[PDB]
Structures are given as structure tokens and as C-alpha cells.
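Q: The structure's right below; bear with me while I get my questions together.
No value in this document is a laboratory result; all are computed from the given coordinates. Quick reminder, even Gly has a Cβ in these numbers, built from the backbone with ideal geometry, and neighbours come from all protein chains shown.
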Amino acid sequence: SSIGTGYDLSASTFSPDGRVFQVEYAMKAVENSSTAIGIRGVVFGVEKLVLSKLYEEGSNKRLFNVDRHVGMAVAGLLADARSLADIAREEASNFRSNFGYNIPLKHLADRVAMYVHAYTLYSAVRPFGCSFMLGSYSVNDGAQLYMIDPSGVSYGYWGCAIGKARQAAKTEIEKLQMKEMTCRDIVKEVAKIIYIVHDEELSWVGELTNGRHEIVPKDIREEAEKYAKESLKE
Amino acid sequence: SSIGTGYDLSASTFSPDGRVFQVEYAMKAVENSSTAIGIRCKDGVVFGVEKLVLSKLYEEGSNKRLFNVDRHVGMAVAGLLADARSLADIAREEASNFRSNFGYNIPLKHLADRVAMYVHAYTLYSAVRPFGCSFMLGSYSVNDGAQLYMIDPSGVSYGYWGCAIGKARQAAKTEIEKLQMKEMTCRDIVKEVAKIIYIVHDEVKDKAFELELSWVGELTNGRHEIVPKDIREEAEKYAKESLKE
Amino acid sequence: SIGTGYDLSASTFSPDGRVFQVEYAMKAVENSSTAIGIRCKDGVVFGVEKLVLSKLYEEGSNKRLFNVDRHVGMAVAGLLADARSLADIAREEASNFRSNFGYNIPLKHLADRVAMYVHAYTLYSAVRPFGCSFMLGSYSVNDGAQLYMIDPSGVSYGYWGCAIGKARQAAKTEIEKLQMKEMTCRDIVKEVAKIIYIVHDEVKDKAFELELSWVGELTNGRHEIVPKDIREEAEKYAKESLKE
Amino acid sequence: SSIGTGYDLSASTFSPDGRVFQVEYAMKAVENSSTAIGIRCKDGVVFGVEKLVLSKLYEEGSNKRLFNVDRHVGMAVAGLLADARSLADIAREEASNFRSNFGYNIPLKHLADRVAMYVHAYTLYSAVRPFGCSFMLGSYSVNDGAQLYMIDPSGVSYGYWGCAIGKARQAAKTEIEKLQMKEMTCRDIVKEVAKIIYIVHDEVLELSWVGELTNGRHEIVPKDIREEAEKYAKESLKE
Amino acid sequence: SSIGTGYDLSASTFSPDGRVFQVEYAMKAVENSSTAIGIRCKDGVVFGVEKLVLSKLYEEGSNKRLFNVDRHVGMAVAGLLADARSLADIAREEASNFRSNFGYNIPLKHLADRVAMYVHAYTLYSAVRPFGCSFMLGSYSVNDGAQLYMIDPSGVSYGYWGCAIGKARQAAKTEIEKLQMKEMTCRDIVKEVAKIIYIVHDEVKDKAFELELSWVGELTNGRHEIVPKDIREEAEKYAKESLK
Amino acid sequence: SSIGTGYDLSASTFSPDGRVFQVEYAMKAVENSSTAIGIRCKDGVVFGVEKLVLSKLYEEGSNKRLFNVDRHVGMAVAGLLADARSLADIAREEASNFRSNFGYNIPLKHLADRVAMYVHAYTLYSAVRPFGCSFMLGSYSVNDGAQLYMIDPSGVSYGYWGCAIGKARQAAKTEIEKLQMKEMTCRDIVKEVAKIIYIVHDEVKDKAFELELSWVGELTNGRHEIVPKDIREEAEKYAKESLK
């Protein structure tokens, strides 16, 4: 089913068996990007491929803040993701203008999804070539993790995984007992699973950080990195 | 993978294996242009450009592939020059409609982020092609330090210690990997730039070439200036000499 | 002959990284007759290989040397309808200067603006780009003498002298010979009209007239046409140094 | 100089001796409101307000004459309260439509400058009156340090070490002149604030953090420290 | 201080001693209207209104000075009734153009804040007068608990444990100060309301009067309902009796 | 001529003897503000301001009656400060929406001309009052030399060698008439400024005062800077002494 004739050149075009091929292709732009995962506070990690030595450190970043209290973790076509981050930024801001406090992640996800989906109907554009996840903690709402794909679908999650191996990395998170564990524990078990899955970057948010989504300090990375390298040998 | 049928005539069109071919092609408009590079000393940033004397008849200070965007920001461009000049205008307005409101200079981080927004905007849609140019922005102030950014046709903003765009991307980047840029002063770097241009330049297939050069640092108050002719001719000479070898 | 697809829209990069529909627009300039412009030390001079396409014509129709302002002259090659429209754009642009800013427009900038504009037609599928190159030349005393050339792709180039059309190539190697930085404008008009006659194809093109342009300290800053004395005299000088 | 004929009914009307009376009157709407003050420690800024229990029936945390505008900015207001609350909304949006674009927090310098722009806008025109309120904005981060600003009805933004708006402006300012605010820590200051409220109050309290003390967050002052500082004021009063 | 000359004909006009008289006058439109009050039990909120039978000819459930704004929000109004009804509409839209987007119910805190924004908007300008009405909003859900707010003509939103607007503001508020509202259940309160209406009512100068009454609490799921006739007539009776 | 009836309440109203009184009144808003002056050396321009320490409690570098509008332009203001700050914003945008397009710095001639346009715009109409402030703009580059301009409420732009706005206009101007400003260097001038502030200042009726001071020249690259504290305190002292 390299279906396509015609059927796969526009988002404005259903295939006969009932499929918008140009979206599926947008999803395959996520597949060809490196793996990145997130798991419930909430923790994100990313298989960030040192494409060069010449880089800045803290360029590149595939873990954003959208707000103070929200983090974004992206996979696929990075230019697009950054623009979608901007959209989330505005959306969570034009909240606080009016409604006084922080935006609920449920809803912010719902909105930015609205937006992503908007690009799947029409012939004058292609859809976005990126998935991403949003993660937040406050105490009123608890811990929350969401994932949006190119087709514009917002999914709540206990943990998930996007990119090169989606598939491998998800079966590995199925193993863990995420509901129980503390955030401090998890960062290890993340970095494990990146290294497991990698074919031969890290993110807080929780009660652990006040509600602030921070980067993971270098102590804990290097230590958790090491723990991954070691439980690898096996 | 001359992929394309259909899949490579619009920016509105993903290939099946998940690729916007018309952007990649826009990137290959940068490749066919001459090399240009930029690189971050500890007290600032330096740009140089393999500027191919396409004629003798030219003005000097036409041609220029090193702009000021502001006083304190410099732009260094490669690929399709008409496009770049327009993108420069966009950066100009953006860094201006800053100072109107926000009072002082624009942060390079952000300006890059904005002009990137813009470049990316041309990658989604069928009624245009994307821009056929990469470029780099460099600034110094003392509060922010030295800063170097590179945007490509696909609209991605990258921070850098040094980078290189055009004919040899590839050769010129492996040569900057050698240098110890974090340490060195800007005054030193201008030499080591002009070396690498001359290293990488093709004597055979490209003809004669001039060389264009760019300051910004604590060395120049924060002002992005052109490099005075003393220092060019001297650094040019140093390149010619360490070439023979 | 790349093209399939790749060459029917300005909205379409070729795979090897090329907007073919612009290059084709440039080839509309090539098939037009030669025209050149060249910077003396006290000003700028334009000449045009204006092919008497008929005897029936008005004189001072046809004109491939415009005024855009008082102080700016335009010299065009390729698809003439387009050029005339671009002239209008330059006219407005240099005018909506003086409204506000009080004095004359700087050529640097005017060129930069009209270029902006030409380039605007190279990105999009609902139009083709302009099928014409042209040069702008001015003098004042504050700015000195200035010469610019814009091509279809929307690139503004400063120049000491340049040449657009049938032979670009021949006519440029001929201006390389001259010592333009030194010479006075009065001298140059000769050496122009020489080079038109040098380059002109006697065989394949038929008869031809010649059109000619001042601007310098020689003319106050005003871009004028070259008076008929100096044409017929410089025309003659070309005819003579031809025989050789 | 009850000047006015004509000269004092519009913001569109200069008096002959060169005065926009309708603004000065808007300032006198601040005077008739209760006192409120704010003052810059070395590690942050502190606000207090002579909040007159107009009733027992109230909510607690209604009424509030100390807002958050952002997380990191606090507002402290005096005069005509309906207006202030609307100006707070303006500040809110302004500091938000920052973070949308420019990525981080808004600089207080500038936010003040903006919201001032806005207040001044109401002073020129005949179809409106100007705002009947002064207010102060206070913030801390570490990059910018501690910062305190005051805008009045006429739309003027002033930086300050400490200031005071309302019933006694005048009394309360001469009292802050005494203190050594540049030196002191924020923890110390809250006392010396609440003192000065009680000094100035006519016999015949709400409180505000921001500093390194609170991460950069403008919080309300916890009840420990109020009741303790309140007590300290009551005591050094007797004298 | 019948101040006014000039100073009191526009909302665009500060008095010299620093006062927008035309708002204070709008507040005095509330005073000349009959009393109405609202008061926060621990499991919800209750409203009652001294509704003056201006005629026998009326519909019953015309007149109504207790609205629903939403399902879960109730409004209780005093002063100039035409205005109030329009402000209700504004609250209606505002709490609706919530649920469109944000999914669930509107928080009373905020809805009050918004509609206040709006009321205040009418206090600045010369081409209008402000609204001639106060009102109170009351809601319960379980997440937010019980909530009571009051907005006056000047556009100020106040949170409350209980309050009172109209003929006697003053009398009725001192009476609610007596009660222990934080403790009591909603079922208890409705009595103690209807008491205070009857206490405050002027037997001499006002004639006969009906009584209107309002639920919201855990008692009603979150729904603001009218108080069923059992409980009115029973609480009405209890008021009549503790009167004597 | 307290003329006014009618004639002096609107900018839309000529007096019968031919006068827009509401502008003249706007000018008298400048008079009641403290003095500030500016004066053109041969290598640049210098501003100083009789800045009345209205309190001890202030920030230092609040208050500022000397702005940067650009890097290369400085503004010095007198009268109604809220207005001035808004006019500064206008100048800021205007000199910015230059560099966007025209590539380099804005010419002071023109910037003044523009912002003036604007100030004048407020003198015709009944729905506004004009601005209650004068100000001066000063710049140096090498191409244009040193330049000093003053705009008053009526919207008139004036070039100057030196000028003075506020409490004593009059005193301070007769004092600058003394100096030989065309000759002198900027370094010299800052003294002679701060002299004239102190000369003119009223010791009786105004209390203490600070002093604010402003560079621009070849002395500072073209940058308008504040005057470093060395040179202030030293020039302040020189003023105090030649006072006695």
C-alpha cells in the first residue's frame, strides 16, 4: 500500500480505504528523529545525538520550558516543534493575563492540539512534522503528562516515548512501576532506557522542584548516566 | 532517493519516508555558494567570507556578504544572496522594533529566535518556496558576553562556538574543530579564520578571490565593524604563508 | 534541461538547488540588445545599442534610458514592458522619499528598495519574476558618482561600470580596459559609444541607432540626455576607431 | 486658586497659569484614600497597607490592596480602588505579552514605563477623566536586584528606595527617611514598615514580600511575621 | 457638599476634593431600591429579597430580582432593574464563553472579576452614565466551596461571608453580623435571612411585601434553585413570629 | 488680556486678536518647571538640568530629565514630565523606523522636524490639549557635525547654538549669550553650563538641588552618554566657587 496515486500528496485528500496519507507521512518524520521519552512529578529524557563537537551547550535543546511550570519534549522535525512551542507559550500566557494563576495542562494540551490538527485538513499546507509531550506539576492538579502527534490528537499518559524507537522504549517503560516511584528514582530508570534503546538531556518537574520545570542538575545526570552505563553491561 | 515524484515540488508535501524535499533543496542552494565562517573568541566574534571576485569592474563595498543588522549585531550569509538581503531587512526591523519599546539593545538569543520563526514560516506552504540561504548572527555586549548563531533554510536557530556555511561546510568545520576558540582573543582569531578560508578555497575550480572580514567584541566596544585594512592584509599574508607547507 | 516540474514555478527549487524560473527570466535579458553604463570620476554615462526596429517610429519613443528622478537615470535591458513598470516603482519610491525626508534620495538606498521589490517576485507560484535587468546612475556632490545594477533575481550591485544584454560578456571585458576611475565624463561618452559599436553584430543585427545619457557634476546633478553635438561626434569617433 | 472656571472640568483644558486641574483632582482622590507604603531592603522589597476594616462582615482576602501582577511583581495601590484593579489587569497583560515572546520575566523598569504610558494616556482628553489612583510596583530577581516604582494619576513613573501614597503621604515619607533601607534585610524591614503604618494611622494591616527571601516570588507575608511585627509596632508606639 | 457645579454631571469629571460624583449618585440609585441580602452558610449560599408587591395584577415569576446567571451561579440585584438585567446578560455570556473553551464551570472569583471590569468601564466616560445597580453573585461547587461576591456601580468586586444592598444596607448588615454564618447549615440560614428582611422592612412607609428566596449549596448539587414553597412559607412564618 | 471667555478653553479656538490661548497656557506649564539648558561646543553638545531633589527617598537614576532617544541623540526636557516621556517614546520609534529602512543613523534635523510635526498635531483640536512640555535634542556625528534643536508645545522646531527652557528661560539665555560657544571644546563647556544652572537657581524659593549632566560629541564617539562623576563633581565645585 504505497497508496498514492494522488491520495498522498495533500492533507486535503482521503485515500479510498479511508486515510490521510500526508499525515501518516508527517508521523514518519517523527520516526526518523532520535528517541525521547517522558514518564510520570514528571521526568523527560532525550537521546540527543551529538551531531557535532563545535556546538554550544544549551543550544539544540529538545527540552523546553513552555512556562515556568510546564515542560515540553519534542521529537521529529525540530523547526516545527519550536514554532509549536511558541504557540503553547502564548496560549499559557494569554491564560495568566485573564484567568489569574497557572494554566491547567489538560487544557493547554487540548488547545495546542486544536492547533496542530488545524494543519491536517488543507491543501495549501502540510501538517506539522513533529510529536511532543507536555509535563507539569502543581499540588492542586498533581502530576500530568500529555503527548500530541502530527494528526492533532492529545493523549494523557503515565509514560510515553516518541521517535526512532517509539516501540522498544515503550515496552521498557511498561516494566517500571511508575505510579509508585519517586521522581528522584525515575531519572535513573529513564536514562537506563535511553541507553538500552540507543543504536550503537534531562528534565524535572515535580513537588521535587516546587512546581518549576527545571533541567536536571549535573550531579544527578552524570550519576544516573553512570547507572545506565553499568546496568547496560549484562 | 531522487524521491520526487510529487514529493519534492512543494514545501506543502511530505515524502512518504517523512521528508520535505523542497527544503533540503533549498539547503543545496547554500552548498553551491562560496564558503563563509564565523567563530567565537573569548572577547567577541569574527566572520570571514571566501568572496569570489566575480569581476574586476565592481565597486568595493558592494557585494557585501557581511552586514550590519544593528550596531551591535553582524550577519554573515551564504547561498542565494537576494534572499539573504531580504532576511537581513527582517532582522533589521525586528531588532529596531525592539529598541522602540524595550529601551536598549536586542539580545541575540532572541533576535535569532525571531528571524528563525520567520524563515521557518516559508517551509510549510505550497504558494511559496523557502529561503535559499543560511546565515550567522554574531554580537557582543558585556552583560551577555559573546554570542554566535546560525539559521538554515529549514528555520532552525543554533548557538555555536564556531561554524561554517557553503561550498565546504564540511572541510572548514573540521578545521575550526582544531582551534581552541574558547581561550583565544579576537585579535588572534582573525588570522586563524583567514588561514581556514585559504585552506578550503579551491585554487583549481574557483579562480581568484578577495577576502571579507568582520569584528565584534570588547575589542570594538560592542560595535560590529569591518576589520581595518592593516589587519586584513596582515592576516591575509599570514594565511598565504602558513599555506606553503 | 532540468525541469521536470522544477522549472515551471518560482515556487520550485530544483533538487540541485536552483530556481530555474529565475534563471529563465535572466535569459529574457540575454535575448535583448546590449546596454551599458560606466562611472567617470565626475559622474555616470549610459549608452544603449538601440535597434531601429522601424523607420516609422517616433524619436523619443522607445526609450531605454529613463529618468526616474531629476538626479537618477535608469538604463534597462530585456523585457521592456516590465522595466517600465519597475521604473514607475522606482519613481514612487524616490518621490515618497522627498515628501518626507526633504531632499533627494540616496542611490544606495533607492537601489536597495527597488531590488527588495524585484526579489519579491522570485518566491511565488502565482507570478513569474521580472524579465529585465537595469542600472541606476546618479550624481550629487555629497555622495559623489554612483552606479547600480539589479537583475531579475533581485540582487543590487554597485559598480564602476557594467553591461547587460546580448553581449554582457564582450562589452564587460571591453570596459575592463578603460581607466574609468580617472577619466572625465566628457571623455567617457566616446569610449562608451566605441564599445557599443565594437560589440554590435553587423551581420545578425541590422542597422542601429544609439541612445546616450549624462549625469555628473557636468550637468549640475541632473540626469539629461546627451546633446546631439556630442552623440554625433562620439558616434563618428566610434565608427572611425572601428576601422582597424 | 479654586481655579476653575472652565479650567478644571476637562483633562483637555490647561488653566492659564499652566495646569491641568482635572489631573490634580485625580491626585486628590488618592489623598482621601488610606495610607500605603513600600520600601526597598537590600535583598528585596516590602509593602504594607493601612487597610481600614470598613466592616466585620467581609471575606478575608477580599479587599486586597496588595496584588500580584505576576509571580515576581507586586502591586500596592491607593485611591480609587476600581480603577487600580483595572490598571492591574493592564499590567498583568503587559507582563504576560512579554513572556509570550521574550521568553523570561519582564524587567520592572520597563513594565512600569509601559503601564505609565497607559495612565498618562488618560490625562490628555475630554471624553475621559484620568485614573483616580497611584500605585507602586516592586520586584526582585538576582540579575536586576531589588526594584521599586511608583506611578501617579498624571502618568509619571518614579524609581524609589521607599515611598508612600495616600492619607499621609507626607508623614509616612519623613518616617522612611529615618530608616537605613539600603543596608537592612527584608526580614528587619517588615517590622519598621508596620511601625510606620501605626505611627501615621489616625486613632481618632496587610503585608507583602518580595526578595531573595522568597526566591523572586512576591508572596503575602505569613501570619507569624505579621502578628509578631504588628505587636512590635504596637509596643514601640507606647512612648 | 452638594458639590456640583459641573463636577457631578459627568463620569468624566472629578470634583476638586477628588470625587466622581456621578458614580456616588449611581450608588444612590441603589439606596432608593428595596433591600436584598445574601449570606454564606458552610454548605452553600442563600439570597433573599424584600420584593415589594407593587401590584396584585402581576405575573408570579415576573419581577424576579433573583436570577440564574448559569446553572451553578445566582445573581441578586438591587437598584435600577433594567440595568441589572443587562448586566446579567453580560455575566451570562461571560460564564458561557468560558465553558465553550475551558470545558467545565466558571470560577465565581473570576466571573465576578470580569463583570466588575465591565461595570467599571462605565465610570470613566462622558458619553455614558454608569450602571445604577449593585448585585451579588453566589455559587457552590465542592472543589471551590461556597462563594459570595458583591459588585457596586463603581465596579468594585468584593468577596463576602454575607452582605446586603438597598434601602437599608445598613440595618440589614448589622443584623447579619449577629449570625454565626461560618458554622450554620444552609437549611438553617433561610429562616435567619427571612427574619432579617422582615426586621428591616418598613411597615409604615412601604406597604405589603412578598418575599423571594434562593438556594445554592451542596444542598442542591451545585445548582442554584429557587427555594421551594414549603420552606419559604415555613421560614416566612418563623420570621413573622420572632418579629412579635 | 486674561482673554478667555471661551477663547482659551480649547485648542480649537482662536481668540479674536488671533491667538490660541490653550497653547500659550501649555507653554506656561513649561515655565513652572525647573530650568534646563543645552549648548553647542565645537566638538559636540552638552546638557544640564536644575534637578530639584524633591526627596531624599528617591532612586538615583530615576527622575531623569536627560534621556537617550537613540545611541547618538540625547533629549533634555522641561515642563510636564509625563508628557515628555511619551514624546520621547515617539522620537525613539521615529529614529528606529529610520534605521530599519534607511540603514544608518537618523539626521537630527529631520527627527526634530518629525517629532515636531507630531507635537503640533495636538494644537488644532478640541478633544485634546497640547503637550505641556518643551525639550531639546542634541547629537553629534562627524558627517553632520554637532547639532542642537528645541521644540516647544506649539510644535515649532528650532536649531540653536545654545538654549534654555523652564523656570528662567530668560536669565539662563542671557548668560549663555556671554559664552563663546562656537569656539570652545565640550570639556570646557560642562563647567560653564553648571555655572549657569547655579547662577540662575533660586536659593530662597527652591530648596536644595542636585545636578544632571549630558555628553555628546567627538569626545564620546558620537554616543550621547551621561557625564562621568569625576567631571560633574569637579564642574559642580567650579560653579559653587565662581558663584562666591
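Q: Quick check on chain E: helices-only [θ] at 222 nm, where DSSP H runs of length 4 and up contribute -39,500 (n - 2.57) each and the sum goes over total residues. Nearest 500, please.
A: Counting only the DSSP helices, I get -11500 deg cm²/dmol.
Q: When N counts the residues of chain D, how does its alpha-carbon radius of gyration compare numerically with 2.2 N^0.38 Å, as a ratio?
A: With N residues counted in chain D, Rg over 2.2 N^0.38 Å equals 1.03.
Q: Tell me, B:245, E:24 in order of fewest to most beta-carbon neighbours within 10 Å?
A: Ranked by crowding around the Cβ, least crowded first: B:245, E:24.
Q: Right, here's the next one. Using a Förster radius of 35 Å, what is the FRET efficiency between residue B:187 and residue B:118 based on their Cβ-Cβ separation? Nearest 0.05, please.
A: 0.50
Q: Count charges around residue D:155 for me, please; just the other residues with Cβ under 15 Å from its Cβ, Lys/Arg as +1, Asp/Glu as -1.
A: Spelling it out: positives minus negatives among the neighbours equals -3.
Q: For region B:120-128, what does the Karplus curve 6.51 cos²θ - 1.76 cosθ + 1.60, with θ = phi - 60°, yield as ³J(HN,Hα) per residue in whole Hz, taken in order and with x for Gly and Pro?
A: In residue order, the calculated couplings are 5, 3, 8, 9, 9, 10, 8, 7, 10 Hz.
Q: To continue, here is another question. Run the quick spin-label model on residue D:17 and residue A:3: label points 7 Å from Cα toward the beta carbon, then report their separation in nm to one decimal.
A: With each label placed 7 Å out from Cα toward Cβ, I get 8.9 nm.
Q: Using Cβ counts within 10 Å as a stand-in for footprinting exposure, how do B:94, E:234 rank, fewest first?
A: Details: B:94 21, E:234 14.
Going from least to most buried by this count: E:234, B:94.
Q: Ranking request for peptides C:49-61, F:60-72, D:11-23: highest mean number of other beta-carbon atoms within 10 Å first, then the rest in descending order.
A: D:11-23, F:60-72, C:49-61
Q: Now for a separate question. Counting pairs on different chains as well as pairs 8 or more places apart, how many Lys pairs in region B:157-245 have Cα atoms under 15 Å apart?
A: Eligible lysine pairs with Cα atoms under 15 Å apart amount to 12.
Q: Next question, about the same structure. So how far apart, in nm, are the two label points at residue E:243 and residue E:24 if each is 7 Å from Cα heading toward Cβ?
A: Between residue E:243 and residue E:24, the label points sit 3.6 nm apart.
Q: Tell me which residues come under 5 Å, amide H to amide H, from residue D:168 once H is placed; ignore anything under 5 positions away on its chain.
A: D:35
Q: What is the calculated FRET efficiency for residue F:104 to residue B:229, with r their C-beta to C-beta distance and R₀ = 25 Å, to the nearest 0.05?
A: 0.75
Q: Of the cross-linked pairs B:64/F:182; D:28/D:109; C:55/C:172; F:51/F:237, which ones have a Cα-Cα span greater than 28 Å in the structure shown?
A: On the way: B:64/F:182 40 Å; D:28/D:109 26 Å; C:55/C:172 30 Å; F:51/F:237 16 Å.
Distance filter (> 28 Å) returns B:64/F:182; C:55/C:172.
Q: Write out the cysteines belonging to chain E for which the nearest other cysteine Cβ is not under 4.7 Å, or none if no such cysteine exists.
A: Result for chain E is E:133, E:163, no neighbouring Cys Cβ within the cutoff.
Q: I want to check the label-to-label distance for residue D:217 and residue D:100. Put each point 7 Å from Cα in the C-beta direction and report it in nm to one decimal.
A: According to this spin-label approximation, the distance is 2.7 nm.
Q: Can I ask one more? Separation of region E:1-76 and region C:74-141 by C-alpha centroid, Å?
A: Rounded to whole Å, the Cα centres lie 67 Å apart.
Q: Using a cut-off of 14 Å between alpha-carbon atoms, which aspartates and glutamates can reach residue B:56, once sequence neighbours fewer than 8 places away in the same chain are excluded?
A: B:210, C:174, C:176
Q: Got a sec to turn the phi values of region D:194-203 into Karplus ³J(HN,Hα) couplings, 6.51 cos²θ - 1.76 cosθ + 1.60 with θ = phi - 60°, whole Hz, x for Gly and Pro?
A: Here the 3J(HN,Hα) series is 5, 2, 6, 3, 6, 3, 8, 2, 8, 5 Hz.
Q: In peptide A:119-132, what is the residue-averaged number of other protein chain Cβ atoms found within 10 Å of each Cβ?
A: The shielding value for this peptide is 3.
Q: Taking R0 as 41 Å, what FRET efficiency do you get between residue D:32 and residue E:220 from their Cβ-Cβ distance, rounded to the nearest 0.05?
A: Numbers: r = 43 Å, r/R0 = 1.06.
Approximately 0.40, to the nearest 0.05.
Q: Taking each residue in A:76-84, count the Cβ atoms of any other chain within 10 Å of its Cβ, then average. What number comes out?
A: For this peptide, the per-residue mean of nearby foreign Cβ atoms is 6.
Q: Same structure, new question: Output wanted: per-residue J couplings in Hz (rounded whole) for region A:151-168, from phi through Karplus 6.51 cos²θ - 1.76 cosθ + 1.60, θ = phi - 60°, x for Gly and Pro.
A: 6, x, 8, 9, 10, x, 8, 8, x, 8, 7, 10, x, 3, 9, 2, 7, 3
Q: List the residues, sorted by chain then number, that are 5 or more residues from residue C:146 or on another chain and whose placed amide H is less than 5 Å from its amide H.
A: Answer set, sorted by chain and number: C:138.
Q: Which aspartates and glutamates have a Cα less than 19 Å from the Cα of residue F:229, not counting those fewer than 8 places away in the same chain?
A: Straight-line reach from residue F:229, under 19 Å: F:50, F:59, F:60, F:188, F:192, F:210, F:212, F:241.
Q: Which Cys in chain B stand alone, with every other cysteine's Cβ at 4.7 Å or more from theirs?
A: Lone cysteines by the Cβ rule: B:133, B:163.
Q: Write down Rg/Rh for chain E, rounded to two decimals, with Rg from the C-alpha atoms and Rh from the Kirkwood relation over Cα pairs.
A: Looking at chain E, the ratio lands at 0.98.
Q: Under 5 Å between amide H atoms, partner at least 5 residues away or on a different chain: which partners does residue D:162 have, H built in plane at 1.01 Å?
A: D:40
Q: Right, another one. Evaluate peptide B:15-28: per residue, the Cβ atoms of other protein chains within 10 Å of its Cβ; return the mean as an integer.
A: Taking the mean over all residues of the peptide, I get 6.
Q: Can I ask one more? Return the Cα extents of the protein assembly as shown along principal axes one, two and three, sorted largest first, each rounded to a whole Å.
A: 135, 93, 67
Q: Continuing with this model, one more query. How do E:85, D:85 line up, fewest other C-beta atoms within 10 Å first? Please report the intermediate quantities before stating the final value.
A: Numbers: E:85 15, D:85 22.
The fewest-first ordering by Cβ neighbours comes to E:85, D:85.
Q: Taking a threshold of 20 Å on the Cα-Cα distance, which of the pairs A:179/A:226; C:63/C:228; E:167/E:195 fall above it?
A: Over 20 Å Cα-Cα: A:179/A:226.
Q: What 222 nm value per residue comes from the helices of chain B, counting each DSSP H run with n ≥ 4 as -39,500 (n - 2.57) and dividing by all residues, nearest 500 deg cm²/dmol?
A: Working: 6 runs with 86 residues, N = 245.
Helices in chain B give a 222 nm mean residue ellipticity of -11500 deg cm²/dmol.
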